[PDB]
Structures are given as structure tokens and as C-alpha cells.
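In the block that follows, a single chain appears as C-alpha cells, in the form deposited in one PDB entry.
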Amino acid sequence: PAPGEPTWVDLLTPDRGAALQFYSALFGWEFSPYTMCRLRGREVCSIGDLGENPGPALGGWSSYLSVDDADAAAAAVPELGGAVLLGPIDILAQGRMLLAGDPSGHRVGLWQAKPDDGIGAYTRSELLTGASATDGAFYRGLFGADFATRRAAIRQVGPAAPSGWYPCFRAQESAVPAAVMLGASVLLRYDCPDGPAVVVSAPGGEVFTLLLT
């Protein structure tokens, strides 16, 4: 795909099984360290076990954006005011990846590779940030002046809102009360050109976004 295109998401959680029930209940996903989640016979995402390995680790949903050249991106990140957090490293033969932090400290994955659009599918990721101009300059240095203007987006939010990259999945409006009945908590609601977006704290604490149609 094009540079900067949302391309993959995965969830690291300490209670895998509980997460599989929740997302299958909410989205319909049919389902080693990880579990592959499918819908319409296509893979949507993966859910892996947080305590599979030691060391310090941040759980939650990780978003991966496409890059043509992981090594070049890795050289660009410090020059543009961010930091390389991991990599560049080869992932078997699937491709090459690095994890990066932008000027505000938000973590994002960058993926050099070597997709439905219905209910329950991964539509895009969106960055909520209090520094949309500073952060936007960083991403457009990596991906081009057209970036954020599958297509990612960057939203300016106030100091009390959640911040960082969040995966967005299409759903019907009924998904919000369903998520809440399953134990989730809404954190934020905002309008997008293609519908309202609802930022949800899952019962396990990870955060994702519902795009309502």
C-alpha cells in the first residue's frame, strides 16, 4: 500500500481468552502466543498474551503504518524529532518493522511488507493528540505533505482526552450499549466526515475506537 496507510493492528493483553469473548461478542470475529481473528474468512488482527515473555511491556492495541523502506524511516525518525523504540528488525520473511515515538511520545509501528470494509472490519487508525501541528509535521516528514489531509487521520484534542494512536473498527450504533453491557467504558465521542467515532475502554483496559454507520 501507500506510505502511511494503516496496515495492521494487534492486541497484547494479560487475559487473552477474556478479550476473545469480548471482541467476538462485539464484532463477530471468529477465532501459540497469539490468536488470529477472522471475519468473512479474512484475517482482521491478532491477539497475543502479555505475560508470554518477561521484561517491561506496554499492552493494548498497536497500530502499524506502511513504509516503503524501514531502514530509511529509522534514519528519518530522529531527524524529525521522534525516537526509534525498537528495530529495524526482520519478522521472519513477512517483512521489516520498527516501533517509533513521535515528538509527543506517541508510539506507532512502521511496517515494510515483503482488508474488508464492513461491520467489524479494521477501517483505519487515528491519532488523538494535543499537539496536532507538531505531530502532523513529523508524520508528513515520514510520509509526505498529503498524509492525513485505508487513510489515517490526526485529531486535535484537549488535555483531558485520551491520546495516542487507536484502531478504528466499523460498527452499528447498537455496538456502544452492547460494549457497555459487556463491561466497557466510553471515554470520548467526536464527529468524523464519515460518521461519529466512539473511543472505548475495553474491560481489560485497552482502548479502541468504534466508527458508527
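Residues that one form lacks are left out of the comparison. Definition used throughout: the rigid core is the maximal C-alpha set that superposes within 1.5 Å between two forms. Numbering starts at 1 and runs along the sequence shown.
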Please classify the unmodelled stretch of the deposited sequence between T149 and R150: none, 1 to 3, 4 to 9, or 10 or more residues.
4 to 9
Quick one: classify how much of the deposited chain lacks coordinates between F31 and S32, choosing none, 1 to 3, 4 to 9, or 10 or more.
4 to 9
Would you mind comparing 104-112 and 84-92 for me and telling me which has the higher average C-alpha temperature factor in the entry?
84-92
Out of 43-51 and 151-159, which stretch has the higher average CA B-factor listed in the record?
43-51
Looking at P177, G59, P167, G164, which has the highest Cα B-factor in the entry?
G59
Among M36, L65, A184, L187, which residue carries the highest C-alpha B-factor recorded in the PDB entry?
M36
Modelled-residue ranking by C-alpha temperature factor, third containing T7:
middle
Split the chain's modelled residues into thirds by Cα B-factor; is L212 in the lowest, middle or highest one?
highest
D117 by Cα B-factor - lowest, middle or highest third of the modelled chain
highest
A202: CA B-factor among chain residues, third -> middle
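As for the form deposited in another entry, it is not shown, yet the points below apply to it.
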Among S185, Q172, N53, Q156, whose C-alpha is off by 2 Å or more between the shown form and the other one on a rigid-core fit?
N53
Evidently the Cα separation of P203 and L58 changes by 3 Å or more in the other form, so the atoms lie closer
Closer or farther apart in the other form, the C-alpha atoms of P56 and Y139, for a change of 3 Å or more?
farther
Structural rearrangement between the shown form and the other one, runs of 3 or more with C-alpha shift of 2 angstroms or more, core superposed
52-59
